[PDB]
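Structure record follows, encoded as structure tokens.
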Amino acid sequence: XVXXX
Amino acid sequence: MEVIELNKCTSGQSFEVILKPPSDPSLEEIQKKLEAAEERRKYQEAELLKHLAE
Amino acid sequence: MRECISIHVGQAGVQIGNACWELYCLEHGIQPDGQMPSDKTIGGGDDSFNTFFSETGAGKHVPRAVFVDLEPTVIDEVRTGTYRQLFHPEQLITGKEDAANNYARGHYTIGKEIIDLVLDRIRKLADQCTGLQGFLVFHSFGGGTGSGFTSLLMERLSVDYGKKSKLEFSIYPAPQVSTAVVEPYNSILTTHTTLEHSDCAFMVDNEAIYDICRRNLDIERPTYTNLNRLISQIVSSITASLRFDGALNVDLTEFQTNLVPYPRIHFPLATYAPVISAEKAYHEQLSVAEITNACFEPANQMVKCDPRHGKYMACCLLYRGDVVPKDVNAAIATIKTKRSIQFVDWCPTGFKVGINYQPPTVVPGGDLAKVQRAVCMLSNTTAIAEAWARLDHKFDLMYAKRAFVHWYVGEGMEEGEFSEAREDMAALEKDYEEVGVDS
Amino acid sequence: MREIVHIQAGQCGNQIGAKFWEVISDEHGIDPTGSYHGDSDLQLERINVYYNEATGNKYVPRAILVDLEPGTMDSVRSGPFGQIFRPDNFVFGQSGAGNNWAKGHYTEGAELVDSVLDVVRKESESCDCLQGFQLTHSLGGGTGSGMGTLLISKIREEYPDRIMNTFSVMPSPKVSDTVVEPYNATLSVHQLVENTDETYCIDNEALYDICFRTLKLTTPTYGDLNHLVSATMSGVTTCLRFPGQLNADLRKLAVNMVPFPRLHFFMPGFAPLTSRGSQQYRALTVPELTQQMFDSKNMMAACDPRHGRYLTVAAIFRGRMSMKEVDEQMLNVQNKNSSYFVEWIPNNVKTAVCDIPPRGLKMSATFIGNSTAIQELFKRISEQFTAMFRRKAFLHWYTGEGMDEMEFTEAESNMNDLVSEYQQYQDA
Amino acid sequence: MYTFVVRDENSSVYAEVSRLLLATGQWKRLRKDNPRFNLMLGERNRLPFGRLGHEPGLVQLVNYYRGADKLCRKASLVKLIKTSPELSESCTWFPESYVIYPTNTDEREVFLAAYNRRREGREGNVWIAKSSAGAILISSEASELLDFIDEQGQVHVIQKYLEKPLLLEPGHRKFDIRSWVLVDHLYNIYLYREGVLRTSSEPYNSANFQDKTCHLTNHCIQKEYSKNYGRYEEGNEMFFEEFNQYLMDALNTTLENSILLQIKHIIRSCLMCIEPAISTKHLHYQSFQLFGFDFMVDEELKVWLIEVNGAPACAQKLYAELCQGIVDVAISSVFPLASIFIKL
Ligand SMILES: Nc1nc2c(ncn2[C@@H]2O[C@H](COP(=O)(O)OP(=O)(O)OP(=O)(O)O)[C@@H](O)[C@H]2O)c(=O)[nH]1
Ligand SMILES: Nc1ncnc2c1ncn2[C@@H]1O[C@H](COP(=O)(O)OP(=O)(O)CP(=O)(O)O)[C@@H](O)[C@H]1O
Ligand SMILES: Nc1nc2c(ncn2[C@@H]2O[C@H](COP(=O)(O)OP(=O)(O)O)[C@@H](O)[C@H]2O)c(=O)[nH]1
Ligand SMILES: [Ca+2]
Ligand SMILES: [Mg+2]
Ligand SMILES: [Mg+2]
Ligand SMILES: [Mg+2]
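Which chain is which? The protein sequence lines are A, B, C, D and E, in order.
Residues in the first sequence are numbered from 5 upward in steps of one, following our numbering.
Residues in the second sequence are numbered from 5 upward in steps of one, following our numbering.
Residues in the third sequence are numbered from 2 upward in steps of one, following our numbering.
Residues in the fourth sequence are numbered from 1373 upward in steps of one, following our numbering.
Residues in the fifth sequence are numbered from 26 upward in steps of one, following our numbering.
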């Protein structure tokens, strides 16, 4: 699971 | 019914109305408790700081 | 003339104190400057209002009052209050770290560090009294300071002023405006410790005054300001005899005499009428017999209970304003019939009456309408015991699991003191029971 | 009980810490340079709680930024409010913690901890009356988790009578694929049961599910997850930041929320749920704020409150609304779902109403529940933990830094006790 | 949705009402000690009225009137009927009585003056002994049972036996009528149209007095102490419809005129008297309560009040109709959802 502001 | 003790004045009056008749601890002693809690509390804080020292 | 020093403790005590001394000033015609045009005894006097006010050469009338709060925010508002010139700095005492709704914290921890400063500031007033008759203590049951530090102070005053009188104005806790879960703890705790040091105590359930404010003043969400101005009207009725010239309840000793046969059972139920909305331009002028009858309707009581299923030991009627004895004694004759008033078999089944010709003053711009006549009944009925029962059940529920107890133990208090205070209360409910029910 | 000292440790800690300051700064009308430009005066009444004052009456956050690598803090310093923070209150190393609790708590972090406590001490002396500290951090990494708990243990030693508060981000495989996070989290929990008075359990499993299911974001970002945290943090501290009557300081909150010293892990909820893209043109009704704030969908902890019982509840409503109607709906939930509230704590639900609403909303409701259902969270971590520990997997990363298997067993054991303790009172 | 609790499970009546409440799908039942309830089916005794009406935002109702014990307990009722002006000592419908505390406010014994007032008497006189427990003796000579009272520790009361009761034929049988009365929170006095005759099984003879069971008409005595049951009426429970028909074909009258008017009168008199003492019109909580009045009729068709049952049981036949009726009038009037009574 890829999650950057 | 009986009215009694009619006390009057310029600022008010009062009376009684009957319908039927009948049918310490010391100063130091206080402080002994205030310090008995300061110690109990200082102890529980010593045990924490003791636990934290570990 | 015998002086009375008023002691306001905690948030509740100080805020109610303001409602009172504000009302006092309106009734005695004292300005926000402390100046009194009506008064001519400049510098000093033997008047009856001098029992609550001292006098200065400049002509200022200064409340014989001390304010205390472990938190500075509340008392700070007095300092910049609309009535700020009245009080001088030495009267307003403030800490910085409050008691966080913890009795133990207010009694033991924070309490020890300020008890000797407050007694010092009280002593400075006692040394301005020619014949001090006693103290009037204002506080809450639920607060940390109100419950904790109060019980500490009462213990000291029974030593420093052993033969002087001490009367209590106490706010009983109601969930509808309470701000803590542990208020039932702080309540039982402070009562047990204070019981032997209080001669007469007037309980006020926030619940009652809240509903009264809802019902009779048409207020949706009553603020404390709403709750307080109502309380002051009550308190005024109790103290008017000390501040004005009268023959009933003329000094603090008479309160214990008239209302308190059993020293432990010293919690008279207060009932007051008429409470009228000010928004109502026209309000029906309730007659003497009408407001006298209202004294027995629970909806007007300072504590919601049922006097019908209790017995009386005393009963006072304090009328203020346009009232004459003929209308009074008439209404008394009536009520004995319609209403269930049983006295104890060792008391005369009667009423002590008093009238104060000056009528109930109201704060300009308030929620209470000025009325021509009003009454405040002080009945020492056993029905008030219902309030102790309520409070004690909530106590036992939480304590069975020792919930929140660690907060108290952590302040150096002992878990045994909880048991000590609860078993003391269990005796009070028994005493109330032995006096007012058929075996 | 006046000033609070804020600390943020690690990547997660500094990101949510920064976002938290971004939000409340806007609410208190403080601009990035630190000058005040707001309408209402309610904004400046209790400003001293989180901010210090300086020359030119500039407002500086009472915040200490901690990390073992310069990455996130360089980004924060070049962030939006970057220049607001006290430059000296940036305390960072270079080695990094490598998502290792041991590195953060015993070796790499021990090498830096003293320097941080110097900044803590300097801020604590500026205080007229210190309440305590709030820490923001994740439990899944190394710095925030390991070094964070170390700082707590050390701070409790210098300030044992102060209150220790934490916003702790719990790990979830739905958000991170790092295998050792359950080790880090279990070790941290042990520390938190012992050395904090209040801990807000911010669960990344919840934040993700909220973002994906409710807010319909197919690829949730950290910014999306943090928008929720930021909203929660604002609401939870509202009673602290503006004039109020209930839970107005950390100790009073703790006394109301914590019936037992170890059970201080709160379940935060919020409504209306919002995304940075969501419009929110239609303000919610008071009944709607209430039904949602108690709804599991709005819980930030990913626990089903119907599986446990509420020991205590704090509810905070924001915005101009009928305070009358608030009481009725609050009393309605209690009386409707009375079975889910423990009977042996009468009136365990307390409510406050602040007039100033959060940024972008007219009506908002925040939830703080000490539910026994929080155990489901600790149960989740415990299983992920044992799955590896029964085979002693990945332990060499930790033993290499000086730790021993026994220290794991004790942390595992203590958190199993916590779960059982939460269960003891659920059947009461 | 509504919430209620139960604290008396040994009650036959409210076990049924509790059953019917749950059948509406609008009444959830709580644990017996949950404070956040709307209704309370409280306990017969020790009911804590002091805790009701103090829960914010909860309208609270209960199935008992505080202070109602003054009318239901034996010694209290008597003291009430003579001390209360609304019911003169010279009460037409209540038999002569005097309160009796053992040797251990003793009215003991201005009562004896009444006996020697019947030493001049040719009007026979016999006085009973009944009191608290279910476990009662009857004879002319007073001193006999005065020992029986001084024996046990309970408090008692003595009252003239009705020597000429109405006798049902065939059988020459004694009986008494049980009427059920419901009072709501508005103090509307409702009478259940259906009543029952607790008839005696055997003929009534004034010969023998000791455990003679033809004197007493209790369900417990008639079933246990007699080989006589169901001969004339099943259950010894003759309902009003039959008693009505009998009185016409026998004495040429109706239940309505001969008996019911007098019944309906005593009900009003008793409850209106205690009304200001127990009413919840202005209280922080509200009350309602089911009562069971026991009446005796004599050969002159004059009705007498025996006692008032505070915790009455119902006839098996009338449960479904009455317990349903209680919900309509007492509970649903206060707690609305989404006649078999007679107002007085
Ligand atoms: N009637 C009335 N009740 C009040 C008022 N202020 C507080 N209370 C009640 O008092 C209880 C809390 O006690 P407080 O007086 O606020 O606390 P405290 O004495 O300042 O002690 P601390 O714990 O240190 O704050 C609650 O049950 C409130 O409902 C007030 O101004 N008027
Ligand atoms: N003055 C009187 N005249 C005739 N019968 C009388 C009487 N006083 C009492 N009794 C008798 O008392 C008998 C039983 O009545 P009781 O007072 O026991 O009521 P009850 O059993 O239905 C309720 P409980 O006994 O539990 O209090 C009646 O059948 C009646 O015959
Ligand atoms: N919500 C949120 N979680 C984060 C963020 N950064 C890291 N995390 C979580 O924190 C854990 C990793 O800890 P991290 O803070 O990166 O390591 P640290 O620098 O050693 O403290 C993982 O479970 C991540 O999901 C962030 O910005 N927001
Ligand atoms: Ca003067
Ligand atoms: Mg306070
Ligand atoms: Mg990283
Ligand atoms: Mg190194």
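The C-beta atom is built at its ideal place from N, Cα and C for all residues, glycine as well.
- Only residues of its own chain outside the window of five on either side were considered, and among them 63 have a CB closer than 7 Å to the CB of residue 57/C, listed in chain order.
- The beta carbon of residue 366/E lies closer than 8 Å to those of 207, 215, 216, 217, 218, 350, 354 in the same chain, with the five residues before and after it left out.
- Between residue 393/C and residue 426/C, the beta carbon gap of about 6 Å places them in contact (Cβ cut-off 8 Å).
- Excluding five sequence positions before and after residue 173/E, the CB atoms of its chain that fall closer than 8 Å to its own CB belong to 154, 162, given in chain order.
- Each residue's CA atom was taken as its position, placing residue 107/E and residue 14/B some 48 Å apart.
- Set against 7 Å, the gap from the CB of residue 332/E to the closest heavy atom of ligand 2 is smaller.
- Per DSSP, residue 1588/D lies in no beta strand (DSSP E) segment and is marked neither H nor E.
- Residue-level contact check: residue 83/E touches chain D, since one or more beta carbons of chain D fall below 8 Å from its beta carbon.
- With fewer than 16 other CB atoms across the displayed protein chains lying within 10 angstroms of its CB, residue 26/E is exposed.
- Contact note: residue 198/C does not reach chain E at a C-beta cutoff of 9 Å; the least C-beta distance is about 27 Å.
- Residues of the segment 287-310 of chain E with a Cβ closer than 7 Å to any Cβ of chain C, in chain order: 301, 302, 307, 308, 309.
- Ranked by Cα distance from residue 1421/D, the options 1702/D, 1428/D, 1432/D are led by 1432/D.
- Against chain C, a Cβ distance below 7 Å from residue 51/B picks out nothing, because the smallest value is about 12 Å.
- Under the three-state reduction of DSSP output, residue 37/B falls in the helix class.
- At least one heavy atom of ligand 7 lies less than 7 Å from the C-beta of residue 1483/D.
- Within 9 Å of the CB of residue 56/B, the CB atoms of chain D belong to 1525, 1526, 1528, 1529, 1532, 1567, in sequence order along the chain.
- Shown here is that no member of the segment 1579-1592 of chain D has a Cβ falling below 8 Å from a Cβ of chain E.
- Relative to ligand 5, the beta carbon of residue 311/E is positioned no closer than 7 Å to any heavy atom.
- Within the same chain, and ignoring the five residues on either side of residue 1513/D in sequence, the residues whose Cβ sits closer than 6 Å to its Cβ are 1382, 1471.
- For residue 380/C, not one C-beta of chain E is nearer than 8 Å to its own C-beta.
- Within 9 Å of the CB of residue 157/C, the CB atoms of chain B belong to 31, 34, in sequence order along the chain.
- Excluding the 5 residues flanking it on each side, residue 165/E has same chain C-beta neighbours closer than 6 Å at 151, in chain order.
- Contact between residue 1688/D and residue 1738/D holds, with the beta-carbon distance rounding to 4 Å and staying under 8 Å.
- For residue 79/E, the nearest CB of chain C lies under 8 Å from its own CB, placing it at the interface with that chain.
- From the beta-carbon of residue 61/E, the residues of chain D found nearer than 7 Å are 1706, 1707, 1710.
- Excluding the 5 residues flanking it on each side, residue 1594/D has same chain C-beta neighbours closer than 7 Å at 1387, in chain order.
- Judged by their CB atoms, residue 132/C and residue 3/C are nearer to each other than the 8 Å cut-off.
- Relative to the non-hydrogen atoms of ligand 2, the Cβ of residue 242/E comes within a distance shorter than 7 Å of at least one.
- Residues of the same chain with a CB within less than 7 Å of the CB of residue 178/C, apart from the 5 flanking positions on each side, are 207, 211 in chain order.
- Under the Cβ criterion of 8 Å, residue 426/C is not counted among the residues facing chain D.
- Secondary structure of residue 152/E (DSSP, three-state): strand.
- The three-state secondary structure of residue 130/C, taken from DSSP, is coil.
- Annotation for residue 351/C: the continuous beta strand (DSSP E) segment containing it runs 351-357.
- Here the distance from the Cβ of residue 1487/D to the nearest heavy atom of ligand 7 is not below 7 Å.
- With respect to chain E, the C-beta atom of residue 1718/D has a partner C-beta closer than 8 Å.
- For the pair of segments examined, the segment 417-437 of chain C was found not to touch the segment 1395-1415 of chain D: the number of CB pairs separated by less than 8 Å stays below three.
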